[PDB]
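Asker: Protein chains in written order, with our numbering: chain D, 742 to 873; chain U, 2 to 86; chain A, 5 to 78; chain G, 6 to 220; chain Z, 159 to 247; chain L, 86 to 702; chain F, 23 to 207.
Cβ coordinates follow ideal geometry from the N, Cα and C atoms, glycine included.
Pasting a structure here, questions to come.
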Amino acid sequence: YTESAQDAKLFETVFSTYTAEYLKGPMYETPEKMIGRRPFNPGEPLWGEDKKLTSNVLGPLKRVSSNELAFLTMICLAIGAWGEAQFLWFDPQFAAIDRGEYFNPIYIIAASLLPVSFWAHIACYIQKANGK
Amino acid sequence: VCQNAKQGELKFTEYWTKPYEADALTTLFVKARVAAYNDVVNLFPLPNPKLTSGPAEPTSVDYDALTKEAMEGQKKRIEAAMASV
Amino acid sequence: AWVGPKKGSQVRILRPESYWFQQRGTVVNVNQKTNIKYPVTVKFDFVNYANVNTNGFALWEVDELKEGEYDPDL
Amino acid sequence: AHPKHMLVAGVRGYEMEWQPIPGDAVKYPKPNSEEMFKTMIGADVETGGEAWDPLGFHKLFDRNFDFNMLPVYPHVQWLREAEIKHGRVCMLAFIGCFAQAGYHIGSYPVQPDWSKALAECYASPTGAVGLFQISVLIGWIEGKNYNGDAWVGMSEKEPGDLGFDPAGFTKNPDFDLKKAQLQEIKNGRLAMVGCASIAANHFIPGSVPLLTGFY
Amino acid sequence: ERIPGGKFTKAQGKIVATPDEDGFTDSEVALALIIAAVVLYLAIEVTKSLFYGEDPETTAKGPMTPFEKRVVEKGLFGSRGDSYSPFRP
Amino acid sequence: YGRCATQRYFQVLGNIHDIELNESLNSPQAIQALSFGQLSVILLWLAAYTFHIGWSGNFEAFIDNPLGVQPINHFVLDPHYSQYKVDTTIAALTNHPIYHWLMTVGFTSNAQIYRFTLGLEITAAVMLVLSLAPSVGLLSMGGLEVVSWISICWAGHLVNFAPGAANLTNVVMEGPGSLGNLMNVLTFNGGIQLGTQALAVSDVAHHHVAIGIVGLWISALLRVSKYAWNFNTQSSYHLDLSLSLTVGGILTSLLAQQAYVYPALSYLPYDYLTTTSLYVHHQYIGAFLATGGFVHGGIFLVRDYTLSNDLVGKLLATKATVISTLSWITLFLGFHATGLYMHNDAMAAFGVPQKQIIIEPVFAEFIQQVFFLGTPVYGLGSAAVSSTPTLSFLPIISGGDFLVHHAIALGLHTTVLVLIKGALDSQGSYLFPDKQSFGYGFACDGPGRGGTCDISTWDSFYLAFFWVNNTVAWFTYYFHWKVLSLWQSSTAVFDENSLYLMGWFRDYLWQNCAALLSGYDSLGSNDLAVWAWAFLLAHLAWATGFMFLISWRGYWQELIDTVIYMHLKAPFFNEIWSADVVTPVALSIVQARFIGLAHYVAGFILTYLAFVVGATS
Amino acid sequence: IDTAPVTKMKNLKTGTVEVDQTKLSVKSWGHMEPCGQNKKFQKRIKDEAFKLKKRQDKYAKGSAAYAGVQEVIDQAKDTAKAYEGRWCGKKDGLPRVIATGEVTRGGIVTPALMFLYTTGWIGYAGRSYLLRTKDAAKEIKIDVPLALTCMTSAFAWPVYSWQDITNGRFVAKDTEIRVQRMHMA
Ligand code: CLA
Ligand code: CLA
Ligand code: CLA
Ligand code: CLA
Ligand code: KC1
Ligand SMILES: CC1=C(C#C/C(C)=C/C=C/C(C)=C/C=C/C=C(C)/C=C/C=C(C)/C=C/[C@@]23O[C@]2(C)C[C@@H](O)CC3(C)C)C(C)(C)C[C@H](O)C1
Ligand SMILES: CC1=C(/C=C/C(C)=C/C=C/C(C)=C/C=C/C=C(C)/C=C/C=C(C)/C=C/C2=C(C)CCCC2(C)C)C(C)(C)CCC1
């Protein structure tokens, strides 16, 4: 039928589009698509069409409620702030070392919880935005 | 000339270091494959192999239901894409 | 019927590798044969590194621009 | 054109995106900014009845689409949110600067000077707890009213619309809220000028010829 | 005896004190040479292994160890990838 | 057989370790085996040093008087020496801190050194055994947990050999005891401990146990961060290699800085030459590792990356902005540093040194005074004096250091500009839109399109390596002159004459070469003769690199063709050589550029090493 | 047998970093003092004057060379008097440039502003000429009246440039210029 060059380009576009939409599904079976390489882990899609993180991004605590994570992050923040303040400025612990006595383990254990509070509040907002 | 496949796209093939020797079909296929990889919202998880000699892990996810819903998603996506063009 | 950009009309090049990519050029002539893959002959004020300023482009690699919808300052 | 993937910033066909917060859906902002500015509260008689914005700071969000197609510069809605927040904070700061010099409330160290009270309350064992409580309360009332999306002009809330209205305002048929908003904005700008004057007097004595003896 | 060269050698007056005896005798040098000969034999073995590459039957005819089976199945220790990365995690 | 050309040598030898192209041992197990073999080579090299130190060396005499004795590296038995030179030379002296390291880590005898050599040889044998059997099982070995465990074990070693370990009461048997009991082996005094003028062994052991524990925790945190958000989307040997090389370069440069300013080896600062050589060597290694990180990033772009909307895709899309802004930074820095240096040169030349532009490094002085210094030296930012200061070797900066740091910034930014430009244009430029199909390294694209010389991505590294060497030369000149002034107590000759570059010539290079050149002359030869000879040899290598860089192939190919004609027309040899076997052809363009760069940098390194030895001897 | 001069660190275990506000000024820094009473700077000036006088003594009184060296001496004296207000260390005597941002003698803010205005003038004049002469002919062949019009009209560059930046007439949309997309982005 005297195929046009534009018709050949149309077929190339159709082939590319069909391939692209076909290789996504479980009919190509390439090492890239193996769990922990490119895919989203089987039953745990991290985000949908809109780039909004799902509760699956939290891992083990993917079903801890938003209120509980808020309480966890606030308690961790308060305890970590108390430990940091009691280690650095109020009753300093390095100056206690200069006195020949050991550290106070309570202060260190408390101050260890600040990054816990950070990631906990990030996870708390993730849960709240997902309705959990 | 610049419609040749990229070397990264032709990796692990005989045309890895010589993408200019690949077929038109192969170049188009890999150029569509790279686009397919970048759509993890619809990319398939491709379940793990069963290599251990023990019994199959019970897990908590049904691969059959996921495969069926992925077939449905692939069908609808292809329909929409062909409607677009 | 005529297919492709009108003669003498400014077009923007959509070919990623072209020296005048996303730049603007004047259409000299469009080959009205369906078998020609790159009929749209476009002339540019700038010459490329080969000191040639005329090249043929495919129909899908050129965007026809209206008389005042582009930027005269390139 | 270019495929659906590989679209970032300056690539043709790349719709602008705004998703700073991990956990929130992607938002695609239109230019707006100037369009919102043309119908924006402010611009009273003091500057000729027109929206006094030299240097074109409200147009930079529109110019984001020309620079790199990225939300580098704030939307005018974010500018109004910042102006409102600055105005309220500066009203409170001015009243605090002229109230701490005469009044004292808690177990905080006695420091009438405003420029030293913050540090001396940091150092106080029974002041650090109070400042921590103030900080967490402010953080709560600030993250609850996060706005943030006003950076791209889609805040879904008029600027300075925290969940706070104990009186009958914003609900009475009378008491036009436009005049109240204009009064709030202009008094906020006035308080910001006052705080700048306080800082200048603290650093360059005799600058403002009314706070010469002030701290 | 040495002719000192350099301003700091003369200024600091550091002397190169030769030990009275040698330090390793001759027997321990021989033991070091023997151990180096064993290392050389191992190096020859490694060179022969690497030059001819890995044969295709091994890693294909020799079944993977249960550790290797489970690691490849679960994608650990650089598996589920195409990199070496000794400083993985 | 062998009916190839001499080009085959330099073509395969340039990719002889490009194992990804070697289909035989292409698996990652083979690459781990290569790592094992390399570590065996490193162990044997350390065994070499320890064996020659313990065999013909004065370590037993070094531990007694570390300040008054010069460490001996190995015995010299060159047959070319003249009896006098034989009587003159005692043994090859030491230019590395291995005596100091052995003294620090508890070596007190040559028997311990011999046992160390045997252990190093046995460990090299173990590494060879591990390389004999590549296997996914061996791929489990390694990780940040493993290196942190190595750090913990090194902490245990240092605790066992700390000077205060004798006073230490056994913690695991009699309990932790008083705090001082632990302070016998674990301290955080901070800074130089006086006496040995180095960090206490207790400090180093405590550092290592803390680092190991923190590394274990960080590795666990990173792996749980891999639990959720598990995405190995881009795996490539070159991506991970670039990561490792950049981190290693940062760590090595930091090692140079913090080992000069916080020496950890006892009685090291008293040895000026070893300190200077340490700093220069580690800075060169760190710069090389960073350059390798950039190179392997470029390679990953060339042949392992697939375009996406990811971090790298965003970098590539706006590569014009990156290159343009880096070019602006380099132009500004070079213009201003060169102009200020030339202005100072003119002012000093015209007898008006006061009219020089000396911009005080007030920002670095502010940082130093506020954060580091314990006494008011400059008085800006803070003037408090520390009641209980700690000691270190942080230099006190002045006006010239501002210009020198701007030169350093210019060098670093220009190197980054070249490397980033080449890596991002590996995806293509408008002169070469299809560079993604030509590989990392190639000669050119011919004389067409105006010319395409050095357009390859490998040529970007080739051009940027000159800048790497130049930047390292700049800041190593800075360090060497600073420490020479400090040791010679001048500290004012530097602070005044480093403002203008004629100072950098006269007072640094011309001044510090006086003793090196007298290594051998008509009067005789002294211990510096070897270093003057190496100085000349390095200059010769540098100029041969000039030959390979300036003159290009075609000339040399025609000349070699004429030489082949002479051979084939020569008597008694045309019957034997028909030029069919290993045909002599001129070096390919890429091979020539690499060999010229190699001679250039070999002469660079050897020249500066000889100069450092002759100046700080 | 000794090492490099050991510096003393601040064992800052207090948990706070104190920055003295009163030390944020050149006059409060203990390592730089005004050139007027800097003994090293005065010695430098004396040595310069002595060298100039020695150079002058070579030429006889009243000669042209004598007058030239005398004018050089007067220039040096005036330069020294002017530089007495500068800041020059405490051990070097060479006047320093203060790039903190304080408006002081020998500062950087005023020279920075002057240079930036001048070179924005240059760049805006060139850009205006290129915009009003979109032609290679007028680039190789300078339109001197139009070129000088642009050069003298670029005096308002700081405000016109910002107006164009905010109004979109200064920068170009990335989709309308030759940008590198050969990787088929
Ligand atoms: C940082 C605080 C801040 C912010 C974000 C805004 C934001 C806004 N103002 Mg506003 N304003 C402020 C403080 C502020 N104002 C103060 C203190 C005054 C008193 C002089 C005013 C007086 C004022 C008037 C009279 C008008 C506005 C208008 C506007 C809107 C458009 C202008 C614009 O885009 O500027 C946003 C960007 C900035 C403000 C950048 C500020 C950064 C500069 C460089 C700081 C320089 C000041 C410096 C400290 C010197 C001090 C000077 C001294 C007088 C204190 C926008 C919502 C117009 C309006 O309502 O439009 C409808 C209008 O007509 N403002
Ligand atoms: C652990 C680090 C590491 C590792 C594993 C690799 C691995 C690799 N690199 Mg690499 N590289 C590194 C660091 C590393 N590199 C660093 C730090 C740099 C910057 C300097 C580079 C720069 C670099 C470039 C520029 C290239 C590679 C390439 C390669 C690949 C092929 C190597 C090959 O066959 O070269 C062959 C090796 C040689 C020819 C060695 C040269 C021998 C030296 C010069 C002898 C001279 C010393 C002499 C004794 C001195 C005498 C002194 C005189 C006075 C007598 C391979 C995957 C190539 C590649 O992938 O291309 C596709 C490539 O082109 N690398
Ligand atoms: C002394 C030798 C020398 C010098 C001066 C330069 C200079 C430069 N190289 Mg370079 N290069 C050299 C050797 C040298 N190279 C060698 C041997 C190699 C190995 C092949 C390279 C490889 C190389 C690469 C691969 C790259 C450069 C780049 C650059 C530029 C960096 C920007 C900069 O610093 O601008 C400052 C410019 C100068 C200092 C030149 C001198 C200008 C004047 C004379 C000094 C200032 C005087 C005064 C202020 C002006 C008066 C103004 C008015 C009164 C008239 C610059 C032009 C990079 C580039 O072009 O990026 C922009 C780049 O990518 N070079
Ligand atoms: C209209 C003239 C003009 C203008 C507006 C600019 C503007 C710019 N140039 Mg540029 N440039 C020019 C001429 C001009 N250039 C010329 C003639 C050359 C060849 C030497 C260059 C070479 C050049 C390089 C190599 C680089 C820039 C860069 C830049 C940008 C940063 C500013 C900078 O570093 O300037 C510095 C300018 C120079 C180093 C060269 C200046 C040479 C003269 C002084 C300029 C000519 C003025 C013109 C003739 C005036 C005539 C007016 C008359 C006809 C009426 C900026 C967009 C940098 C960039 O991309 O950063 C983002 C960058 O790396 N330019
Ligand atoms: C009924 C329970 C209750 C009592 C009885 C109580 C009493 C005191 N509060 Mg308190 N308080 C809440 C509950 C109670 N507070 C709640 C729900 C909030 C969040 C809205 C809140 C906020 C703050 C803040 C922000 C500060 C604060 C402090 C003090 C203080 C002074 C102590 C002193 O000066 O010694 C005393 C006696 C201030 C302080 O000075 O702390 C150092 C300080 O800054 N409070
Ligand atoms: C919102 C709300 C409520 C509320 C509320 C609250 C808390 C309202 C608070 C309002 C508040 C606190 C408003 C302070 C303004 C302070 C200003 C303007 C300071 C100016 C400072 C100035 C003008 C300084 C000026 C000078 O330096 C200048 C410029 C030059 C000199 O020559 C002269 C001097 C030195 C003087 C209700 C009623 C509780 C319930 C309802 O339902 C909802
Ligand atoms: C080519 C390319 C590549 C590569 C890249 C690279 C190679 C990179 C590197 C990078 C790097 C290599 C980085 C680094 C970084 C670092 C850092 C970031 C640091 C920082 C620090 C700081 C900042 C601090 C500082 C300080 C001090 C310490 C002292 C003084 C003061 C101060 C504070 C300043 C890839 C392929 C991948 C992609 C594409 C492109």
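Please check if any C-beta of chain Z sits within less than 8 angstroms of the C-beta of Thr60/U.
Answerer: On the second sequence, position 59 is the one that residue 60/U refers to. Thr60/U does not count as touching chain Z.
Asker: Under DSSP, the beta strand (DSSP E) around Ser603/L begins and ends at which residues?
Answerer: Taking the sixth sequence and counting its residues from 1, the one referred to as residue 603/L is at position 518. Element bounds for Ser603/L: n/a, residue is neither H nor E.
Asker: For ligand 3, I want to know if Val503/L counts as a neighbour, meaning its beta carbon is within less than 7 angstroms of at least one of the ligand's heavy atoms.
Answerer: Translated into the one-based positions of the sixth sequence, residue 503/L becomes position 418. Within the cutoff, so yes.
Asker: Please confirm if the segment 572 to 586 of chain L is in contact with the segment 113 to 128 of chain F, defined as three or more CB-CB distances below 8 angstroms between the two stretches.
Answerer: yes
Asker: From the beta carbon of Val805/D, is the nearest beta carbon of chain U less than 8 angstroms away?
Answerer: Looking up residue 805/D in the first sequence gives position 64. Output row for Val805/D: interface = no.
Asker: What would DSSP say about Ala837/D, mapped onto helix, strand or coil?
Answerer: Taking the first sequence and counting its residues from 1, one reaches residue 837/D at position 96. DSSP places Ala837/D in helix when its eight states are reduced to three.
Asker: May I ask you to list, following chain order, the residues of the segment 32 to 57 of chain U that have a beta carbon less than 8 angstroms from some beta carbon of chain Z?
Answerer: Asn49, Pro50, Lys51, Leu52, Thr53 and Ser54
Asker: Measure the CB-CB distance between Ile190/G and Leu167/G and report whether it falls below 8 angstroms.
Answerer: If you number the fourth sequence from 1, residue 190/G lands on position 185. If you number the fourth sequence from 1, residue 167/G lands on position 162. No, the Cβ-Cβ distance between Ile190/G and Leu167/G is not below 8 angstroms.
Asker: Can you find a CB in chain L that lies within less than 8 angstroms of the CB of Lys76/U?
Answerer: The residue labelled residue 76/U in the question sits at position 75 within the second sequence. So no, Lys76/U is outside the interface.
Asker: Among the residues of its own chain, which have a CB less than 8 angstroms from the CB of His181/L, if the five just before and after it don't count?
Answerer: As a first step, residue 181/L is located in the sixth sequence; it is residue number 96 there, counting from the start. For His181/L, where only same-chain residues beyond five positions count, the Cβ hits under 8 angstroms are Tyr134, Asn158, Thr359, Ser362 and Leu363.
Asker: Confirm, please, whether the CB-CB distance from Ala155/G to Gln82/G is below 8 angstroms.
Answerer: As a first step, residue 82/G must be located in the fourth sequence, where it is residue number 77. As a first step, residue 155/G must be located in the fourth sequence, where it is residue number 150. Yes, the pair counts as a contact, with Cβ atoms nearer than the cut-off.
Asker: Check each residue's C-beta against every heavy atom of ligand 5 and list, in chain order, those closer than 7 angstroms.
Answerer: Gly111/G, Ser112/G, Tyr113/G, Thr131/G, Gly132/G, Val134/G, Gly135/G, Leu136/G, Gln138/G, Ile139/G and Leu142/G
Asker: Any heavy atom of ligand 1 closer than 7 angstroms to the CB of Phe99/G?
Answerer: Here residue 99/G is taken as the residue at index 94 of the fourth sequence, counted from 1. No; taking the cut-off as 7 angstroms, the Cβ of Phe99/G has no heavy atom of ligand 1 nearer than that.
Asker: Hey, which unbroken runs of the beta strand (DSSP E) at 3 residues or more fall wholly within the segment 230 to 262 of chain L?
Answerer: none
Asker: Alpha carbons only, please: which of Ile40/A, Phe50/A, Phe25/A and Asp49/A is nearest the one belonging to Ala746/D?
Answerer: Position 5 of the first sequence, counted from the start, is the residue given in the question as residue 746/D. Answer by Cα proximity: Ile40/A.
Asker: Enumerated in chain order, which unbroken segments of the beta strand (DSSP E) with a length of 3 residues or greater are wholly contained in the segment 161 to 224 of chain Z?
Answerer: none
Asker: Check the Cβ of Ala23/U against every Cβ in chain D and list those closer than 9 angstroms, keeping chain order.
Answerer: Within the second sequence, the letter at position 22 stands for residue 23/U. Going along chain D, no residue has its Cβ under 9 angstroms from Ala23/U, so there is no contact; the nearest lies around 15 angstroms.
Asker: What is the residue span of the beta strand (DSSP E) that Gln14/A lies within?
Answerer: Locating residue 14/A in the third sequence gives position 10, where the first residue counts as 1. It spans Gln14 to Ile17 - the beta strand (DSSP E) in which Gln14/A sits, taken as one unbroken run.
Asker: For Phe844/D, decide whether its Cβ has a neighbour in chain F, counting only Cβ atoms nearer than 8 angstroms.
Answerer: Here residue 844/D corresponds to residue number 103 of the first sequence, with the count starting at 1. No, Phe844/D lies away from the interface with chain F (no Cβ there is under 8 angstroms from its Cβ).
Asker: To the nearest angstrom, how far is it from the Cα of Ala836/D to the Cα of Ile847/D?
Answerer: Your numbering for residue 836/D matches position 95 in the first sequence. Your numbering for residue 847/D matches position 106 in the first sequence. About 16 angstroms.
Asker: Going along chain D in order, which residues have a C-beta closer than 8 angstroms to the C-beta of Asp181/G?
Answerer: Along the fourth sequence, read from residue 1 onward, the residue named residue 181/G stands at position 176. Simply none; closest approach about 36 angstroms.
Asker: Smallest Cα separation from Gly142/L: which of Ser216/L, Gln168/L, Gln342/L and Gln155/L?
Answerer: To locate residue 142/L, count along the sixth sequence from 1; it is residue 57. Taking only the C-alpha atoms, the option nearest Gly142/L is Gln155/L.
Asker: Find the nearest neighbour of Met768/D within the set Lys76/U, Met83/U, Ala84/U and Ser85/U, judged by alpha-carbon distance.
Answerer: For this step, residue 768/D is matched to residue 27 along the first sequence. The candidate whose alpha carbon is nearest that of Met768/D is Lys76/U.
Asker: Counting contacts by CB-CB distance shorter than 8 angstroms, is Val798/D in contact with chain L?
Answerer: Within the first sequence, the letter at position 57 stands for residue 798/D. At least one chain L Cβ lies under 8 angstroms of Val798/D.
Asker: Nearest-angstrom Cα distance between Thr216/Z and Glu105/L?
Answerer: Counted from its first residue, the fifth sequence places residue 216/Z at position 58. Counted from its first residue, the sixth sequence places residue 105/L at position 20. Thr216/Z and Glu105/L: Cα-Cα distance of roughly 19 angstroms.
Asker: My output table needs one value for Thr132/F: the three-state DSSP class, helix, strand or coil.
Answerer: By one-based count along the seventh sequence, residue 132/F stands at place 110. Reduced to three states, the DSSP call for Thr132/F is helix.
Asker: Buried or exposed for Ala37/U, going by 16 or more other Cβ atoms inside 10 Å?
Answerer: Numbered from its first residue, the second sequence carries residue 37/U at position 36. Counting Cβ neighbours within 10 Å, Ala37/U comes out buried, since at least 16 surround it.
Asker: For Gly526/L, which option in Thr18/U, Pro59/U, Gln4/U and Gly9/U has the closest C-alpha, if you only look at C-alpha atoms?
Answerer: The count along the sixth sequence starts at 1 and reaches residue 526/L at position 441. Ranking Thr18/U, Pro59/U, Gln4/U and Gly9/U by Cα distance to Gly526/L puts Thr18/U first.
Asker: Can you tell me the Cα-Cα spacing of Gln138/G and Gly111/G, whole angstroms?
Answerer: Along the fourth sequence, read from residue 1 onward, the residue named residue 138/G stands at position 133. Along the fourth sequence, read from residue 1 onward, the residue named residue 111/G stands at position 106. Spanning the two alpha carbons is a distance of roughly 13 angstroms.
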